[PDB]
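Participant: Mind having a look at this structure? Questions to follow.
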Amino acid sequence: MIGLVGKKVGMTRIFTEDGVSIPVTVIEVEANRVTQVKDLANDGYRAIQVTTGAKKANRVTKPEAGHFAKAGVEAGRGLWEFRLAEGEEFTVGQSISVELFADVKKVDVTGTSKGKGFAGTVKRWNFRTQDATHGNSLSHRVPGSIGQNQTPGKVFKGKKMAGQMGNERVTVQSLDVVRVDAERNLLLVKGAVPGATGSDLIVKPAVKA
Amino acid sequence: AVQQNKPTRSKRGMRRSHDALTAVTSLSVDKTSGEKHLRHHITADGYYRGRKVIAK
Amino acid sequence: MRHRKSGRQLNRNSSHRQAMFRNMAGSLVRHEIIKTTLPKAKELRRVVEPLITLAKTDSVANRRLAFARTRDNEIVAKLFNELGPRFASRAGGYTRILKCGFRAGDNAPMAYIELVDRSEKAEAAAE
Amino acid sequence: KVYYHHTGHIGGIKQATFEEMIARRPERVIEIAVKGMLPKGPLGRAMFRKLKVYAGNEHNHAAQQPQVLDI
Amino acid sequence: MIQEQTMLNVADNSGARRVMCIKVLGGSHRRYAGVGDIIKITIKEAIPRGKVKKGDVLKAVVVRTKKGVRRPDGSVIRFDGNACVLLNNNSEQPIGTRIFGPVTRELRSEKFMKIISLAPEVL
Amino acid sequence: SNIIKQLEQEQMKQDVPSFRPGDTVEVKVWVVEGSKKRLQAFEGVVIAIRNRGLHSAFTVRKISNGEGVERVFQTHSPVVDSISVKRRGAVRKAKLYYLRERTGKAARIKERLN
RNA sequence: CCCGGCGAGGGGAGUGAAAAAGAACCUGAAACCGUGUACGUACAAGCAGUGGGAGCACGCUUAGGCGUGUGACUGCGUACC
RNA sequence: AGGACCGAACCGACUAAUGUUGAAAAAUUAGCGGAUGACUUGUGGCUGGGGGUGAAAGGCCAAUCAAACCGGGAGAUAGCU
RNA sequence: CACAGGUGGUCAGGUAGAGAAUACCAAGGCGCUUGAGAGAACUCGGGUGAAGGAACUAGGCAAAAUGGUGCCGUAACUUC
RNA sequence: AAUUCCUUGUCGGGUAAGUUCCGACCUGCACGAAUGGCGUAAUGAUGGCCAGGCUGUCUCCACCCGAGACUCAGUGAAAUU
RNA sequence: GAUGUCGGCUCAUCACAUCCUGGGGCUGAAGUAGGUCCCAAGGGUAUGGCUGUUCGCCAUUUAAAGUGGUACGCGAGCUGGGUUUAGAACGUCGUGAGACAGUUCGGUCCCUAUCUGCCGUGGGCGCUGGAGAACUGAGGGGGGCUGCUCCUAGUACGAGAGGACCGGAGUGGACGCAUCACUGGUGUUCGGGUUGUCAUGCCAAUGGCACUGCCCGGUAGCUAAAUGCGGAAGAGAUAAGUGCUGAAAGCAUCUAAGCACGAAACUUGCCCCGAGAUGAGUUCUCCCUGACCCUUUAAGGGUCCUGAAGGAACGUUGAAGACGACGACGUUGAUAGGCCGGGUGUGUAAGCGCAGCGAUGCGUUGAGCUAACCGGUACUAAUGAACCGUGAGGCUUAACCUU
């Protein structure tokens with residue numbers, strides 16, 4: 001089963017009857033407007049192409065415009081597609097919204113990664129800050145040696161060094177849905193959504209057992 | 001640091017290849033005149049969207 | 001990085017940023033037209049437009065404030081009496097920055113600054 | 001035959017089962033068996049680029065009309 | 001406590017003046033404590049008619065933190081200093097019969113029916 | 001959408017008594033406890049501005065006796081029973097921080113008058 | 001006489017046997033940096049050399065499988081003191 | 001009165017941060033001690049290299065000191081590289 | 001070297017303050033010449049910290065912290 | 001012991017603790033009366049130990065400003081080979 | 001003609017002869033528990049003191065305090081502290097100079113990254129016309145730990161006390177990732193208070209400057225000391241091991257044929273980058289259907305006419321970031337500043353009236369002033385031209401177009 005492309009829009013410490021407060025993150029649910037709903041009638045391919053959103057989209061290219069023109073006609077924000085399960089999909093006017101979260105207790109959450117600039121040396125990997133004293137040679141902060149000696153004579157792959165994030169996804173996996181609330185369209189999730197505020201996301205129902 | 005040997009002159013040229021001065025992709029003229037431009041900035045006659053700039 | 005921010009600190013400490021902006025704005029109200037760097041030209045726009053806002057109507061406190069941020073006598077006489085009724089009829093955009101080109105002495109990207117209704121201007125040269 | 005390699009990560013020698021070579025990329029049992037019979041680096045890449053196996057018994061040189069060969 | 005060592009104030013009629021934290025309890029590979037943590041104290045002073053004497057090693061609990069304390073609504077009760085009432089070193093509940101200084105409203109449970117219901121101050 | 005920072009104003013309650021810094025007040029609350037529902041009070045001086053949308057709270061400092069304690073009671077909390085305004089005292093500051101160590105006759109400010 | 005700030009530097013016009021003698025001027029290497037041509041560099045690797053060589057320009061190939069220069073590609077292969 | 005003191009101006013540099021292909025002849029910035037004295041110190045002068053001069057470090061003796069500088073001996077010598 | 005180095009004499013205005021400490025300042029000198037921009041790591045300079053209080057390190061340690069005058073009250077040791 | 005081959009001696013004390021520090025013992029290193037001894041006030045930019053003031057040195061790190069790095073413009077080195 | 005040493009941190013990496021969970025035999029093992037005991041690199045694996053220092057001693061955490069290598073990891077990182085210690089001096093020895101693997105006092109490492117690796121990023125080319133959009137998985141890593149008690153279960157078994165695992169479960173601890181509402185932190189782009197001189201002609205008032213002058217509060221952002229939280233059901237191939245059916249050896253036997261079962265490792269499942277996968281992918285969405293001169297012509301060269309879809313420079317600039325790229329987007333425009341409604345800050349704006357012995361306070365004013373965030377407003381600045389991109393785009397078998 002597919003995901004809902006949300007928007008990160010709100011964070012609230014909300015009260016409950018029992019004198020306990022819950023920090024929560026608030027995702028505004030939009031309905032999926034289908035493009036073509038591609039299926040495995042044609043090739044070995046199986047995924048459903050969805051636009052949950054819109055833009056003024058006065059500067060877009062014709063290959064992007066005819067794509068919204070055959071869809072739900074909403075000058076779309078962009079093109080997201082999703083792998084699917086449990087048989088082929090109902091292909092027109094389908095309008096997947098708050099109902100997806102009606103039986104889902106826990107969600108995966110697939111982010112747009114985290115948009116923290118440079119992130120990079122020392123900070124991103126939470127390393128120690130070298131001594132700020134003792135006349136340490138042109139050095140008040142350093143990450144630490146990335147190899148060993150001539151015997152391997154190299155730096156091994158996968159070491160935590162430097163760089164920007166590259167803004168991939170980052171999935172927390174299996175964090176709780178507190179509630180879903182229809183007609184107001186609020187999905188309260190208990191954990192955080194990746195990125196700064198105002199970001200886009202995918203919140204997709206959990207994969208994991 | 002230092003270096004091992006004095007390096008070959010093909011190396012010195014590969015090393016500069018991305019740092020070379022890059023093409024301007026042609027030039028601008030005004031949409032509404034035969035006065036020459038400076039692209040998406042204002043000329044010596046104030047010309048872009050009229051008024052006046054740069055009375056030197 | 002700089003996420004979910006705006007505006008600018010340019011080249012120095014608060015006192016210098018204040019003193020420079022006083023110099024440059026004090027010069028604006030008397031000369032009508034100036035040239036500076038594009039980040040700097042924006043901070044100038046953002047300094048002068050709130051001084052005009054106080055000045056639309058006479059009001060002794062709004063005259064005191066205008067004398068407090070730029071403590072020069074040439075601007076507070078120009079404000080309110082001359083310059084108050086002029087910009088009275090707009091609600092923001094009393095001035096525009098015109099992106100004039102690069103700086104001759106080095107290259108720092110530059111804008112000419114020019115009042116919204118400015119059409120009378122010296123034709124004398126600048127360096 | 002567990003195909004020992006050390007691409008760049010994590011403690012241990014690494015491996016892949018004999019079952020991987022048939023369940024996934026099903027050619028691969030014959031491929032990295034004829035691979036080791038070709039010379040050093042570059043020439044052995046130039047020899048190689050003529051072999052194909054596919055997933056098996058779904059082959060796509062129908063139009064060329066292939067010469068059959070018995071071993 | 002929050003650093004290794006850390007001297008804090010005595011909060012019961014068991015001893016006198018100040019006492020030194022030797023370890024944090026309620027985990028390991030810890031450098032820092034949460035608010036709801038159980039502390040390990042040594043007594044560096046004591047009082048001749050208290051429950052204890054100098055250099056006896058005990059278990060204890062926080063009654064004030066200068067940083068402040070929280071749990072149910074996440075709102076803090078923030079205090080003027082760190083302070084600790086000693087527990088029994090194996091059989092639980094406080095050792096002292098009196099509290100000295102303020103208290104939290106998070107200690108209001110079956111296992112403290114002795115120590116938050118006292119009259120002397122901050123009831 | 002338009003919801004960002006707007007959801008703090010939407011949640012914010014309106015049946016809330018008016019306030020100025022140094023206002024004394026009393027928070028009555030429950031103890032909750034193991035088998036019995038009983039109530040209890042705290043009075044003193046409010047040392048800080050409130051208004052935090054939903055997160056708005058009375059930050060009372062008691063500072064009457066003993067060593068200083070600040071208590072934060074959240075206005076929207078279901079276990080908060082009743083709120084009297086009482087006396088309206090002056091400070092000419094947003095905050096009262098200089099009175100932290102003094103507990104003797106510091107939480108008893110006067111009505112401010114004209 | 002042309003260009004440029006009154007500049008620096010060069011060219012044209014004109015001088016001489018000669019400026020491929022232009023004022024630091026004698027003819028003039030090599031290092032030195034750059035142009036122009038040929039042909040090369042994106043299934044692509046190590047003393048860059050040796051052996052085999054598609055291809056391509058020029059040489060009436062005297063066409064008699066060659067000469068010249070370059071050279072995809074690749075067997076083999078560890079500088080001098 | 002004072003081989004006294006806190007302390008500029010005036011002089012030094014115990015320690016600390018920095019510098020270390022520095023601005024630097026350890027300077028800078030901060031803690032610090034001499035300055036009512038065996039202190040700080042301008043001018044003119046003098047002793048010449050295992051020799052001077054030393055409240056002592058085998059200190060300092062023309063941007064330099066457990067061996068100054070130059071001119072001759074001098075192509076020292078080398079059993080050695 | 002227009003070296004953040006070294007270097008004798010003379011004259012002596014203001015508020016607070018013990019004064020020629022030290023923030024500013026009257027007459028006066030004078031901008032120790034790259035600039036503007038980025039709100040990147042980081043390097044150097046400069047600023048701040050919950051709670052702790054050197055626990056960092058061979059080592060408190062420059063940032064930060066002491067500092068002035070009026071007055072009470074004043075220890076073990078002392079050649080006072 | 002600013003002294004101990006063994007040894008980080010023994011015991012008490014400080015102490016979250018104690019190879020250091022301080023006191024007592026001799027089972028005494030090679031202690032021991034002018035490279036002087038016992039003992040002492042004053043004085044030091046003078047050593048170790050302790051708790052308290054205080055502090056981003058640190059636990060444990062976050063953020064701001066500026067010159068470099070970096071961006072744009074100018075000029076344009078060096079260890080090395 | 002320099003292969004240069006000790007211990008610790010930061011940062012590591014590789015071998016398993018495994019500290020521990022886990023699966024299994026034996027037992028002088030009833031069960032439990034322990035003694036004995038094999039498979040297993042997957043994962044977690046504590047802190048302060050004194051000493052130059054690993055080891056020590058002592059106080060201490062947890063279920064726990066591992067094994068081995070790495071110029072005996074890591075001075076073109078750190079302490080360079082010890083080790084050489086030149087000076088001094090203790091202790092010691094000799095006529096003496098000077099010494100000590102006895103000792104006490106402070107006191108110096110320098111290298112801007114050329115080739116190479118690593119991580120992050122762009123440029124050039126190619127997937128067969130071009131362009132733009134989603135995307136599959138050949139490939140290769142991330143996560144993988146582990147206490148607690150409830151149930152399971154007071155039951156088999158044992159004289160009696162007692163008495164376990166798998167599975168469901170909540171929850172702690174370590175580890176990993178995001179995050180900024182909560183709680184702190186900072187916030188030289190916001191407010192206020194205040195010392196001094198200098199200043200606004202002068203005062204009441206107010207302002208340049210003094211490290212952001214000093215001092216107290218501070219939005220949004222960012223951030224751990226605060227916040228949420230996975231660590232998985234299931235599958236195969238098995239290991240040690242219990243066998244059945246059965247031979248070598250008429251039988252017996254875990255084995256050899258044969259078949260049920262048997263661990264977190266391993267193939268995975270859960271997570272992520274990924275078609276340069278040249279064996280170059282599918283699928284979606286847009287657009288271009290003119291001509292001659294010449295030569296080696298699946299073609300290339302040259303030219304008139306003529307170039308769409310799209311791109312880039314350029315531009316303001318961002319919820320994206322070194323630069324780029326990515327992204328909003330250039331009057332079709334909320335991009336950014338002003339400006340208006342709203343979030344959230346501060347502490348009562350100059351003047352005036354009034355009271356007072358004046359400083360000063362109080363009514364006008366719950367004032368005024370106000371930053372990043374959110375929505376509006378075209379008020380304002382982004383000529384919005386030209387240009388690079390072209391006229392439907394290979395051979396050959398098979399299948400198709402009268403073929």
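Note on naming: chains are A, B, ... as they come in the structure tokens, residues start from 1 per chain, ligands start from 1 in the order shown.
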Need to verify the contact set: stretch 67-80 of chain E, 6 Å, only C-alpha atoms (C1' of nucleotides), exclusion of same-chain residues closer than 5 positions in sequence. Can you return it as a ChimeraX atom specification?
Facilitator: /A:20-21 /E:35 /F:68-72 /I:51 /K:182
Participant: Please produce a file of the residues just selected, as a PDB file, in the first residue's frame, where the atoms kept are N, CA, C and O atoms (P, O5', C5', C4', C3', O3' and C1' of nucleotides).
Facilitator:
```pdb
ATOM      1  N   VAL A  20      -2.273  14.779  31.547  1.00  0.00           N
ATOM      2  CA  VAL A  20      -1.075  14.486  30.806  1.00  0.00           C
ATOM      3  C   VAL A  20      -1.055  15.305  29.458  1.00  0.00           C
ATOM      4  O   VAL A  20      -2.092  15.479  28.863  1.00  0.00           O
ATOM      5  N   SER A  21       0.131  15.814  29.102  1.00  0.00           N
ATOM      6  CA  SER A  21       0.258  16.496  27.801  1.00  0.00           C
ATOM      7  C   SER A  21       1.168  15.679  26.863  1.00  0.00           C
ATOM      8  O   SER A  21       2.166  15.064  27.301  1.00  0.00           O
TER       9      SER A  21
ATOM     10  N   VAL E  35      15.665  14.364  35.090  1.00  0.00           N
ATOM     11  CA  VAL E  35      15.007  15.041  36.237  1.00  0.00           C
ATOM     12  C   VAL E  35      14.532  14.020  37.297  1.00  0.00           C
ATOM     13  O   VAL E  35      14.686  14.391  38.478  1.00  0.00           O
TER      14      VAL E  35
ATOM     15  N   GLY F  68      13.413  29.827  47.909  1.00  0.00           N
ATOM     16  CA  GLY F  68      12.599  30.240  46.789  1.00  0.00           C
ATOM     17  C   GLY F  68      12.173  28.903  46.046  1.00  0.00           C
ATOM     18  O   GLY F  68      13.018  28.017  45.924  1.00  0.00           O
ATOM     19  N   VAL F  69      10.877  28.891  45.571  1.00  0.00           N
ATOM     20  CA  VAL F  69      10.386  27.941  44.594  1.00  0.00           C
ATOM     21  C   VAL F  69       9.461  28.659  43.617  1.00  0.00           C
ATOM     22  O   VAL F  69       8.515  29.376  43.985  1.00  0.00           O
ATOM     23  N   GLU F  70       9.740  28.468  42.342  1.00  0.00           N
ATOM     24  CA  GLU F  70       8.831  28.731  41.204  1.00  0.00           C
ATOM     25  C   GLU F  70       8.087  27.473  40.789  1.00  0.00           C
ATOM     26  O   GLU F  70       8.622  26.391  40.731  1.00  0.00           O
ATOM     27  N   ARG F  71       6.819  27.640  40.578  1.00  0.00           N
ATOM     28  CA  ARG F  71       5.869  26.624  40.113  1.00  0.00           C
ATOM     29  C   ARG F  71       5.182  27.148  38.851  1.00  0.00           C
ATOM     30  O   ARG F  71       4.618  28.221  38.901  1.00  0.00           O
ATOM     31  N   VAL F  72       5.004  26.283  37.822  1.00  0.00           N
ATOM     32  CA  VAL F  72       4.448  26.605  36.513  1.00  0.00           C
ATOM     33  C   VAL F  72       3.183  25.752  36.507  1.00  0.00           C
ATOM     34  O   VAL F  72       3.300  24.549  36.420  1.00  0.00           O
TER      35      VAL F  72
ATOM     36  P     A I  51      21.332  27.297  36.606  1.00  0.00           P
ATOM     37  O5'   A I  51      21.885  25.916  37.097  1.00  0.00           O
ATOM     38  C5'   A I  51      21.010  24.808  37.247  1.00  0.00           C
ATOM     39  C4'   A I  51      21.865  23.514  37.285  1.00  0.00           C
ATOM     40  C3'   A I  51      23.208  23.597  37.976  1.00  0.00           C
ATOM     41  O3'   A I  51      23.136  23.836  39.363  1.00  0.00           O
ATOM     42  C1'   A I  51      23.270  22.340  35.919  1.00  0.00           C
TER      43        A I  51
ATOM     44  P     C K 182       6.083  26.208  23.500  1.00  0.00           P
ATOM     45  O5'   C K 182       6.532  24.879  24.354  1.00  0.00           O
ATOM     46  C5'   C K 182       5.567  24.284  25.241  1.00  0.00           C
ATOM     47  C4'   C K 182       6.124  23.034  25.975  1.00  0.00           C
ATOM     48  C3'   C K 182       7.330  23.477  26.850  1.00  0.00           C
ATOM     49  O3'   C K 182       6.851  24.052  28.067  1.00  0.00           O
ATOM     50  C1'   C K 182       7.734  21.382  25.760  1.00  0.00           C
TER      51        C K 182
END
```
Participant: Please identify the strand (DSSP E or B) residues within stretch 8-120 of chain E (assignment by DSSP from backbone atoms) and present them as a PyMOL selection string.
Facilitator: chain E and resi 8-10+12+18-24+38-42+57-64+69+77-79+83-87+94+99
Participant: Check the DSSP output for the backbone and give back, as number ranges by chain, the residues of stretch 34-67 of chain C in alpha helix (DSSP H).
Facilitator: C: 38-54, 60-67
Participant: Skipping near chain neighbours, those fewer than 2 positions away, what residues fall within 7 Å of residue E:42 using only C-alpha atoms (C1' of nucleotides), listed as a PyMOL selection string?
Facilitator: chain E and resi 19-22+44+55-58
Participant: Give me the residues near residue J:58 as a PDB file with C-alpha atoms (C1' of nucleotides), in the first residue's frame, where near means some atom within 9 Å (using only C-alpha atoms (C1' of nucleotides)) and where sequence neighbours in that chain fewer than 4 positions away do not count.
Facilitator:
```pdb
ATOM      1  CA  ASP A 131      41.061  21.444  23.748  1.00  0.00           C
TER       2      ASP A 131
ATOM      3  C1'   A I  54      38.797  21.855  36.634  1.00  0.00           C
ATOM      4  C1'   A I  55      35.264  16.972  37.100  1.00  0.00           C
ATOM      5  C1'   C I  56      39.799  19.030  30.822  1.00  0.00           C
TER       6        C I  56
END
```
Participant: Which neighbours of residue B:26 fall inside 12 Å, counting only C-alpha atoms (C1' of nucleotides), when residues of the same chain fewer than 2 positions from it are skipped, and could you give them as a ChimeraX atom specification?
Facilitator: /B:22-24,28-29,37-39 /K:312-314,385-388
Participant: Could you save the residues just selected, with N, CA and C atoms (P, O5', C5', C4', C3', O3' and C1' of nucleotides), as a PDB file, in the first residue's frame?
Facilitator:
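Written out: part.pdb:
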```
ATOM      1  N   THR B  22      34.545  31.607 -18.423  1.00  0.00           N
ATOM      2  CA  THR B  22      33.442  30.933 -19.076  1.00  0.00           C
ATOM      3  C   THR B  22      32.612  31.874 -19.953  1.00  0.00           C
ATOM      4  N   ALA B  23      32.025  31.311 -21.017  1.00  0.00           N
ATOM      5  CA  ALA B  23      31.335  32.032 -22.030  1.00  0.00           C
ATOM      6  C   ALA B  23      30.115  32.749 -21.465  1.00  0.00           C
ATOM      7  N   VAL B  24      29.811  33.920 -22.087  1.00  0.00           N
ATOM      8  CA  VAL B  24      28.756  34.907 -21.713  1.00  0.00           C
ATOM      9  C   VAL B  24      27.452  34.496 -22.379  1.00  0.00           C
ATOM     10  N   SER B  28      22.703  41.331 -24.701  1.00  0.00           N
ATOM     11  CA  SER B  28      21.388  41.962 -24.636  1.00  0.00           C
ATOM     12  C   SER B  28      21.340  43.217 -25.480  1.00  0.00           C
ATOM     13  N   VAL B  29      20.166  43.416 -26.043  1.00  0.00           N
ATOM     14  CA  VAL B  29      19.752  44.671 -26.537  1.00  0.00           C
ATOM     15  C   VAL B  29      18.365  45.051 -25.935  1.00  0.00           C
ATOM     16  N   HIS B  37      22.953  47.427 -24.420  1.00  0.00           N
ATOM     17  CA  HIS B  37      22.631  47.141 -23.056  1.00  0.00           C
ATOM     18  C   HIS B  37      23.865  46.775 -22.195  1.00  0.00           C
ATOM     19  N   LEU B  38      23.651  46.542 -20.916  1.00  0.00           N
ATOM     20  CA  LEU B  38      24.414  45.659 -20.009  1.00  0.00           C
ATOM     21  C   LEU B  38      23.336  44.758 -19.374  1.00  0.00           C
ATOM     22  N   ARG B  39      23.469  43.421 -19.474  1.00  0.00           N
ATOM     23  CA  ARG B  39      22.308  42.517 -19.260  1.00  0.00           C
ATOM     24  C   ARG B  39      21.720  42.543 -17.893  1.00  0.00           C
TER      25      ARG B  39
ATOM     26  P     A K 312      18.656  24.735 -17.249  1.00  0.00           P
ATOM     27  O5'   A K 312      19.751  25.887 -17.434  1.00  0.00           O
ATOM     28  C5'   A K 312      21.079  25.502 -17.681  1.00  0.00           C
ATOM     29  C4'   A K 312      21.825  26.534 -18.511  1.00  0.00           C
ATOM     30  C3'   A K 312      21.915  27.862 -17.839  1.00  0.00           C
ATOM     31  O3'   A K 312      22.784  27.894 -16.679  1.00  0.00           O
ATOM     32  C1'   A K 312      21.547  28.146 -20.125  1.00  0.00           C
ATOM     33  P     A K 313      22.632  29.126 -15.646  1.00  0.00           P
ATOM     34  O5'   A K 313      23.291  30.295 -16.412  1.00  0.00           O
ATOM     35  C5'   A K 313      24.628  30.337 -16.737  1.00  0.00           C
ATOM     36  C4'   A K 313      24.888  31.437 -17.781  1.00  0.00           C
ATOM     37  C3'   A K 313      24.657  32.798 -17.198  1.00  0.00           C
ATOM     38  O3'   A K 313      25.877  33.350 -16.520  1.00  0.00           O
ATOM     39  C1'   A K 313      23.474  32.713 -19.132  1.00  0.00           C
ATOM     40  P     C K 314      25.630  33.973 -15.116  1.00  0.00           P
ATOM     41  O5'   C K 314      24.583  35.209 -15.137  1.00  0.00           O
ATOM     42  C5'   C K 314      24.837  36.347 -15.993  1.00  0.00           C
ATOM     43  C4'   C K 314      23.524  37.130 -16.320  1.00  0.00           C
ATOM     44  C3'   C K 314      22.686  37.656 -15.152  1.00  0.00           C
ATOM     45  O3'   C K 314      23.222  38.802 -14.573  1.00  0.00           O
ATOM     46  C1'   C K 314      21.303  36.594 -16.681  1.00  0.00           C
ATOM     47  P     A K 385       9.447  39.317 -24.294  1.00  0.00           P
ATOM     48  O5'   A K 385      11.005  39.636 -24.634  1.00  0.00           O
ATOM     49  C5'   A K 385      11.675  38.996 -25.677  1.00  0.00           C
ATOM     50  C4'   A K 385      12.722  39.870 -26.355  1.00  0.00           C
ATOM     51  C3'   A K 385      13.540  39.021 -27.360  1.00  0.00           C
ATOM     52  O3'   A K 385      12.960  38.831 -28.659  1.00  0.00           O
ATOM     53  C1'   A K 385      14.810  40.537 -26.063  1.00  0.00           C
ATOM     54  P     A K 386      13.418  37.659 -29.635  1.00  0.00           P
ATOM     55  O5'   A K 386      14.970  37.658 -29.739  1.00  0.00           O
ATOM     56  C5'   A K 386      15.704  38.436 -30.609  1.00  0.00           C
ATOM     57  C4'   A K 386      17.242  38.387 -30.254  1.00  0.00           C
ATOM     58  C3'   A K 386      17.917  37.013 -30.506  1.00  0.00           C
ATOM     59  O3'   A K 386      18.128  36.658 -31.848  1.00  0.00           O
ATOM     60  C1'   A K 386      18.533  37.879 -28.350  1.00  0.00           C
ATOM     61  P     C K 387      18.339  35.104 -32.404  1.00  0.00           P
ATOM     62  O5'   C K 387      19.431  34.371 -31.356  1.00  0.00           O
ATOM     63  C5'   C K 387      20.818  34.738 -31.469  1.00  0.00           C
ATOM     64  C4'   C K 387      21.539  34.010 -30.366  1.00  0.00           C
ATOM     65  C3'   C K 387      21.477  32.522 -30.557  1.00  0.00           C
ATOM     66  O3'   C K 387      22.526  32.068 -31.406  1.00  0.00           O
ATOM     67  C1'   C K 387      21.086  33.219 -28.238  1.00  0.00           C
ATOM     68  P     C K 388      22.779  30.547 -31.791  1.00  0.00           P
ATOM     69  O5'   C K 388      23.460  29.898 -30.465  1.00  0.00           O
ATOM     70  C5'   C K 388      24.543  29.039 -30.325  1.00  0.00           C
ATOM     71  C4'   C K 388      24.097  27.836 -29.489  1.00  0.00           C
ATOM     72  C3'   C K 388      23.293  26.739 -30.253  1.00  0.00           C
ATOM     73  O3'   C K 388      24.028  25.852 -30.976  1.00  0.00           O
ATOM     74  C1'   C K 388      22.445  27.227 -28.065  1.00  0.00           C
TER      75        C K 388
END
```
Participant: Residues of chain F within 6 Å of chain K, counting only C-alpha atoms (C1' of nucleotides), what are they? List them as a list in words.
Facilitator: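 The complete set of qualifying residues is residues 2, 4, 5, 92, 93 and 94 of chain F.
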Participant: Compile the contact shell of residue D:64 as a ChimeraX atom specification: residues with an atom at most 9 Å away, counting only C-alpha atoms (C1' of nucleotides), same-chain residues fewer than 5 positions apart removed.
Facilitator: /K:396-398
